[PDB]
Amino acid sequence: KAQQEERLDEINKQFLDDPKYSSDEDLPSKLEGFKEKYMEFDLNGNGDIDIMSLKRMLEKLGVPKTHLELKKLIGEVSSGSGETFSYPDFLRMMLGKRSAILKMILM
Ligand code: NI
Numbered sequence: 017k018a019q020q021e022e023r024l025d026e027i028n029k030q031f032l033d034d035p036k037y038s039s040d041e042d043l044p045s046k047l048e049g050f051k052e053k054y055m056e057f058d059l060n061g062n063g064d065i066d067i068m069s070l071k072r073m074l075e076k077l078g079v080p081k082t083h084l085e086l087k088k089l090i091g092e093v094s095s096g097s098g099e100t101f102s103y104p105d106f107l108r109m110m111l112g113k114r115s116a117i118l119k120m121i122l123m
């Protein structure tokens, strides 16, 4: 938990130096806030967010979603084999010009 944060920090540093996101003057503090938002979710053994974790989080936001709807949400932001999405997946979505449904829900 607090351990997995170490990895999130390394990723934030990686993104901080990414020219693709340099135009955002508030990147330094935003990445930290996004990290905190990500850590509100239950993170699995690999530090990724799964279906039940997403379900739990959306419940807290008053946004109930069906099992299949949860699959659609993750499948939209996941860079791997649909089922879970990572922190890097999360940042590219939160940043990035395209607006995934999960991004609109969370922001
Ligand atoms: Ni889980």
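FYI, in the entry's author numbering the residues of the sequence shown are 17 to 123. Note that the Cβ used here is the ideal one computed from N, Cα and C, for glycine as well.
Quiz item: What does a CB cutoff of less than 6 angstroms around residue 8 pick up in its chain, not counting 5 residues either side in sequence?
Solution: The requested residue 8 does not occur in the structure, where the chain is confined to residues 17 to 123.
Quiz item: Any chance the CB of residue 58 is under 7 angstroms from a heavy atom of the ligand ATP?
Solution: By its list of ligands, the structure shown excludes the ligand ATP, since it contains just the ligand NI.
Self-check item: Distance cut-off 7 angstroms: residue 102 Cβ against heavy atoms of the ligand NI
Solution: As a first step, residue 102 must be located in the sequence shown, where it is residue number 86. With a threshold of 7 angstroms, the Cβ atom of residue 102 does not count as near the ligand NI, since no heavy atom of the ligand is closer than that.
Quiz item: Rounded to a whole number of angstroms, what is the C-alpha to C-alpha distance between residue 56 and residue 108?
Solution: Against the sequence shown, residue 56 aligns to sequence position 40. Against the sequence shown, residue 108 aligns to sequence position 92. Going by C-alpha positions, residue 56 is about 18 angstroms away from residue 108.
Quiz item: Any idea what DSSP makes of residue 106, helix, strand or coil?
Solution: Taking the first residue of the sequence shown as 1, we reach residue 106 at position 90. If DSSP states are grouped into helix, strand and coil, residue 106 belongs with the helices.
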